[PDB]
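Each remark here refers to the structure printed beneath this line.
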Amino acid sequence: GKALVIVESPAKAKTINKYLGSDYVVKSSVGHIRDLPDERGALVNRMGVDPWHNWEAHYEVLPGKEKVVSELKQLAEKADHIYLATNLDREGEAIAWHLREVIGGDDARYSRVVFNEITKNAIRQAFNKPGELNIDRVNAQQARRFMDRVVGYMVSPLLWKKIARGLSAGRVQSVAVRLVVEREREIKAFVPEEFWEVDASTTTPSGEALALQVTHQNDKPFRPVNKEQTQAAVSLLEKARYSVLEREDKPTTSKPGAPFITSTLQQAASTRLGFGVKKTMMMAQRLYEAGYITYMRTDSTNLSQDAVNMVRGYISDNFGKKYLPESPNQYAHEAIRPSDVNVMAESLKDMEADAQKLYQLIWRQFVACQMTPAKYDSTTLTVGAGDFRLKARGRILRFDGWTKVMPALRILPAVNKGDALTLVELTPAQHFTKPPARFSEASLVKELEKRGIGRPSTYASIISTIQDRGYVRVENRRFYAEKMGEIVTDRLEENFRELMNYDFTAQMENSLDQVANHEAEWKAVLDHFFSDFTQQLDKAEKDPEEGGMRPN
DNA sequence: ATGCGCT
Ligand SMILES: [Hg+2]
Ligand SMILES: [Hg+2]
Ligand SMILES: [Hg+2]
């Protein structure tokens, strides 16, 4: 009979059904299809999981997947063998598990296949050496999902009682706020430090202009803190004899960056196009659904060999040998890139202008990544004047390399060691150290991914939740901590230190991997977790004098 | 009258 294949993304399905044609019926779950809605029955009914009854759960189809589930039902009839083709990670593994329990049937009627790429060299091997779903992987995801549930449904209520109604707490949510709160306090406590700089304009023995910066005095870094000290020094430099000590000419290079991932795309779109995280993902979504780029949600900068041959092939025909490296550039889902290098942004007349701009950003990053380095001739001049040391640095572009596709938007006169320099003028400059920069939406996302706190598909969502909840606010595209955010962050740090530690997620991931690798059992892991958590929750419930949470 | 994180 006909084989039924199920994937997560519709766009990916349409593409698979092609490189497979008829005989098979490809479809997509379009997400999860099913999820959640001493002891207290009401609390357990609300959570959908019972921590006091060996974690029995109550999953139920999403209020917006009825059709999907239904249309998937009847399709199971005219199907001989059902092939669950979701992602190999634990989330994908769980979607497969839910599909199998919602469609019913017998285990043997189900098979698990993983698609490498769209190429036929992949969609083929998919059914070649398949397998079945990994129960350990599934239970690992159930453990994560349940731990996140307990925290949110059991901590928030405590907040409603001690602080205010409508408040929330969460493994990811609360540390994102903590990051903003700490930066806020960092800025408010900052005290600018005054420092001075002195530059000197001079003439070479020829007559050419040479700008110099004072670096040392009596062999110590030159850094006056007030005008008085700056004057004492200028007085000496005005009468000093200047002579060249050393001229170090050296070839230096510039290297392209890695292709984009969700976090970096958001940051680049934010810095070069003024796009907000949510907008960037909306445009990226359009581009993906129209087949111009790969999944917009990814945490890997990897590139397939085909992708790499495709781009080198393009660089070779459009730039020449000097731009093509001897062998592929090395560096530490796939990365976000054009599905076809031969497709220019200007040819996407079916897309909004902003989507074309985003595509162009993704395209150029992808092509520059595999080109040769930029080459410069860097010159450094060392100058002596009395007890002072002065410096001048220059650079002259010799070969653009990758900057040919990704442009950004210096000539030191000829002088030899021992040459005298004629002083023209001395310019003192007052300065003040500046406080740490405020977070931007993309900037906070960057910090979250750096600590492995969120997920590509949740970063944007996180940035919004903390605002709607009233913990932080955005102004001039920059984050500011709200009083409530500080209040909640301090309470949570006081009564749930472990949960508020930035590495809580990393530590959780380790335990989840152990469950996925038969090195631990999921219910046991949840039991340990719950025991610690309840110890903290119960303590927090008490009166402030007994160590309970301070009410506002 | 109510809250999480992920696809
Ligand atoms: Hg969803
Ligand atoms: Hg690269
Ligand atoms: Hg969704």
Side-chain angles (χ1 to χ4, degrees), chain A residues 6-13 28-37 40-49 51 57 59 61-62 64-65 68-69 84-99 137-138 140-177 262 281 284-285 288-289 295-299 333 448-449 452-466 468-471 488 492 496 499 504-505 508-509 512 526 529-530 533 537:
Chain A
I6 305 175
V7 297
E8 296 148 296
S9 182
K12 190 179 295 181
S28 70
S29 63
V30 188
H32 274 92
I33 90 179
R34 205 157 71 102
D35 188 36
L36 301 170
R40 190 74 285 292
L43 182 271
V44 178
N45 170 241
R46 302 302 307 189
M47 295 199 296
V49 59
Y59 290 104
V61 178
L62 298 174
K65 307 289 284 299
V68 187
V69 174
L84 305 169
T86 54
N87 293 172
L88 58 174
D89 54 61
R90 61 167 179 275
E91 281 296 306
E93 200 64 46
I95 296 177
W97 179 74
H98 278 98
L99 290 172
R137 290 283 182 57
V138 172
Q141 104 77 222
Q142 295 205 79
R144 178 205 65 68
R145 176 85 194 76
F146 290 171
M147 273 164 77
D148 273 321
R149 256 274 153 158
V150 169
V151 166
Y153 282 52
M154 293 187 73
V155 170
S156 295
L158 178 60
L159 296 187
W160 304 339
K161 178 163 302 181
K162 295 276 183 166
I163 307 303
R165 287 127 186 174
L167 261 46
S168 57
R171 179 181 56 81
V172 176
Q173 183 180 304
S174 304
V175 287
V177 175
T262 304
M281 295 306 287
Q285 186 79 222
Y288 165 72
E289 287 169 3
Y295 224 55
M296 335 80 256
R297 315 184 185 82
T298 177
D299 58 10
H333 305 82
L448 292 171
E449 190 258 39
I453 304 273
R455 305 254 56 242
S457 76
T458 299
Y459 300 140
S461 175
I462 293 301
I463 284 177
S464 308
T465 298
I466 63 184
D468 306 330
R469 201 65 75 278
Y471 294 146
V488 179
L492 293 178
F496 300 87
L499 222 301
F504 181 86
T505 297
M508 174 191 276
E509 290 299 310
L512 296 180
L526 282 171
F529 150 77
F530 195 71
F533 177 69
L537 183 53

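For the numbers below, each heavy atom of this structure counts, side chains included, while hydrogens, waters and symmetry mates do not. Each chain gets a letter, A, B and so on, in the order its sequence line appears, and its residues count up from 1.
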Discussion item. What's A/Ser168 touching, base or sugar-phosphate or nothing? Going by heavy atoms closer than 4.0 Å.
Written reply: sugar-phosphate
Worksheet item: Which nucleotide span of DNA chain B, 5' end to 3' end, has atoms closer than 4.0 Å to non-hydrogen atoms of chain A?
Response: B/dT2 to B/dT7
Item to complete: Hey, which sits more toward the 5' end of DNA chain B by its nearest nucleotide, A/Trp160 or A/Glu91?
Response: A/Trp160
Item to complete: Assign A/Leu159 to base, sugar-phosphate, or nothing according to its heavy-atom contacts below 4.0 angstrom with the strands shown.
Response: nothing
In a table with atom names and distances, give each donor-acceptor pair under 3.5 Å that connects a side chain of residues 162-170 of chain A to protein atoms at least two apart or in another chain.
| residue | atom | partner | partner atom | Å |
| --- | --- | --- | --- | --- |
| A/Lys162 | NZ | A/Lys542 | O | 2.8 |
| A/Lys162 | NZ | A/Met549 | O | 2.9 |
| A/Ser168 | OG | A/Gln173 | NE2 | 2.5 |
| A/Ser168 | OG | A/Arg469 | NE | 2.8 |

Worksheet item: When we call it a touch if two heavy atoms are under 4.0 Å apart, what does A/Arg34 touch: a base, just sugar-phosphate, or nothing?
Response: nothing
Discussion item. At 4.0 Å (heavy atoms only), tell me whether A/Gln173 reaches a base, stays on the sugar-phosphate, or touches nothing.
Written reply: sugar-phosphate
Item to complete: Provide the full list of salt bridge (charged side-chain N to carboxylate O under 4.0 Å, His left out) pairs with a residue in residues 84-99 of chain A, sequence neighbours left out, each pair given once.
Response: A/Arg90-A/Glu509, A/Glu91-A/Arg144, A/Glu93-A/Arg112
Worksheet entry | A/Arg145: salt bridge (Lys or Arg N to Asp or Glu O under 4.0 Å) partners, not counting sequence neighbours | A/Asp35
Practice prompt. Verify, without hydrogens or angle tests, whether A/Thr298 (side chain) and A/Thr262 (backbone) share a donor-acceptor contact under 3.5 angstrom.
Written response: no
Response to the item:
Here the side chain to side chain donor-acceptor pair (under 3.5 Å) pairs for residues 453-464 of chain A, sequence neighbours left out, are A/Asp299-A/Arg455
Worksheet item: Contact class for A/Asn87 (heavy atom, under 4.0 Å): base, sugar-phosphate, or nothing?
Response: nothing
Practice prompt. Looking at every strand, decide which applies to A/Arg455 at a 4.0 Å heavy-atom threshold: base, sugar-phosphate, or nothing.
Written response: sugar-phosphate
Worksheet, complete the sentence: By side chain to side chain donor-acceptor pair (under 3.5 Å), A/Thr505 pairs with (sequence neighbours left out) A/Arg171
Worksheet entry | Residue closer to the 5' end of DNA chain B, A/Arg297 versus A/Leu36 (nearest nucleotide) | A/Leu36
Item to complete: Answer with base, sugar-phosphate or nothing: what part of the nucleic acid does A/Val151 contact at a heavy-atom distance below 4.0 Å?
Response: nothing
